[PDB]
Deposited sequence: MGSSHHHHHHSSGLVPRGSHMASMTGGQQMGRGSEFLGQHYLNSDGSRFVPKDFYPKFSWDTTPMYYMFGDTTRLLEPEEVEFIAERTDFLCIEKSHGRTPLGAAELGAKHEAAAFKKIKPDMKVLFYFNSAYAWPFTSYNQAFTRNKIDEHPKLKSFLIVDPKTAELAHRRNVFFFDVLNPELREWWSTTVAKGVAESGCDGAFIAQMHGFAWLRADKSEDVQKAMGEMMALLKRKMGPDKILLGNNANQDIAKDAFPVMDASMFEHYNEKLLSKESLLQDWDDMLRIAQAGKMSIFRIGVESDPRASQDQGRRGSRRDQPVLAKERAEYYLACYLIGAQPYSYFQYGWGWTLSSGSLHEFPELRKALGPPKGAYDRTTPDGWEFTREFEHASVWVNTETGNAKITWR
């Protein structure tokens, strides 16, 4: 047991800048933000005890501090005072120009016309000859080389100003459905933009791409250090999608990269804390079937500070230990899966949505 082993028995060799990893208990990732407030010291202590790897969300602290990158800067420092080697990621969306950081402050109806260069980075709706938008939030255009340069420099600036250890990049799609005849070009452009960002952050920084297991992200995946399975709808939680998650987790590990297996109970078929606490065994089991070295579980019912990060899910603190082998599909075409760890036996039926982890 001298080196962490992927489920195929190959050795996983982490990069020197990766977060800590252990099988002692369930490996965790946390992700949260609150527009209205910073974390209290006691909340920082709570989360720090439970993870070595987290991300501050897109609006955090914007009201008290005036800009969301200042929320990130504040929490990164607060966490690192406790655990200096905690890894804290800065969030930035590749698609929606959320106007919550100072960097994106111009992307509002009342300011964007005064910033013609920034405005020129945005997608136009042909039906109106006006900016495309979703509820008054504008759309970056990844096909615009000037946008790729500006955005990648901006994210690197946010990482540097906030003292974070890398970036969480939301969205890989580049609004391809708005220019479907250029879908392949969009995929390649996303790769180019991610590659610019990876270089501009400099050494020892983590690049995590949300849903970068998907085909649309194939040109971006090589430069990523990590990828998240967001499970953003019921379809992505189907028995077939979970089997695909497990395949993808192995492929990501074989590439030397990290995965985050994230669950939001908001996509469960069924009061959110009660439901999430009841369903934790099932969703944890789904992660453990496929878990790999330098993979992490995230659990809750959303992305705000109140969406689960501050609740105790007791299963996540129980002794786990290294896997004894890859999972077994109990019957070759059935939907029962098992896996044995040093301190636990995992059983899940992903067709019926039931599980049992026997902790030993």
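Ranges lacking C-alpha coordinates, please, mapped onto the deposited sequence and listed in sequence order.
Comparing the full sequence with the modelled residues, the uncovered ranges come out as 1-37, 308-319.
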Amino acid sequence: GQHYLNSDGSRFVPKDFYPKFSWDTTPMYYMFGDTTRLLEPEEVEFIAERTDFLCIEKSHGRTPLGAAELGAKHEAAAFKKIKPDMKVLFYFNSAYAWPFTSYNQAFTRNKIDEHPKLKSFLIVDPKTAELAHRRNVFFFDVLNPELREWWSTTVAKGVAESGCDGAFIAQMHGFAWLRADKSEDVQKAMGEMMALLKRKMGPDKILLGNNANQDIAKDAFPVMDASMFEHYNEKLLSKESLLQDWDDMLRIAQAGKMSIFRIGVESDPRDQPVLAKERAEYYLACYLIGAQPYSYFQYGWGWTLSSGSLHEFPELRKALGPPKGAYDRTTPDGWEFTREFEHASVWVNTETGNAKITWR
From here on, numbers count along this sequence of modelled residues.
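Got a sec? Mean C-alpha B-factor, which is higher, 30-38 or 310-318?
Comparing averages over the C-alpha atoms only gives 310-318.
Higher mean Cα B-factor in the deposited model: 161-169 or 237-245?
Stretch with the greater average CA B-factor: 237-245.
If you compare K127, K87, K198, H231, which has the highest Cα B-factor in the entry?
In the PDB entry, the greatest C-alpha B-factor among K127, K87, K198, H231 is found at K127.
Sort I263, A97, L131, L208 by C-alpha B-factor from the entry and give me just the highest.
Reading the PDB entry, the winner on C-alpha B-factor is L131.
Based on the deposited C-alpha B factors for this chain, I'd like to know if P323 is in the lowest, middle or highest third.
Middle third of the chain for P323's C-alpha B-factor.
Lowest, middle or highest third - CA B-factor, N110
Tercile = highest for this residue's CA B-factor.
Using the B-factors in the PDB entry, rank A77's C-alpha atom against the chain and give the third, lowest, middle or highest.
Ranked within chain, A77 CA B lands in the middle tercile.
Based on the deposited C-alpha B factors for this chain, I'd like to know if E149 is in the lowest, middle or highest third.
Tercile = lowest for this residue's CA B-factor.
Can you tell me which third, lowest, middle or highest, the CA B-factor of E45 falls into for its chain?
Within its chain, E45 is a middle-third residue by C-alpha B-factor, going by the deposited values.
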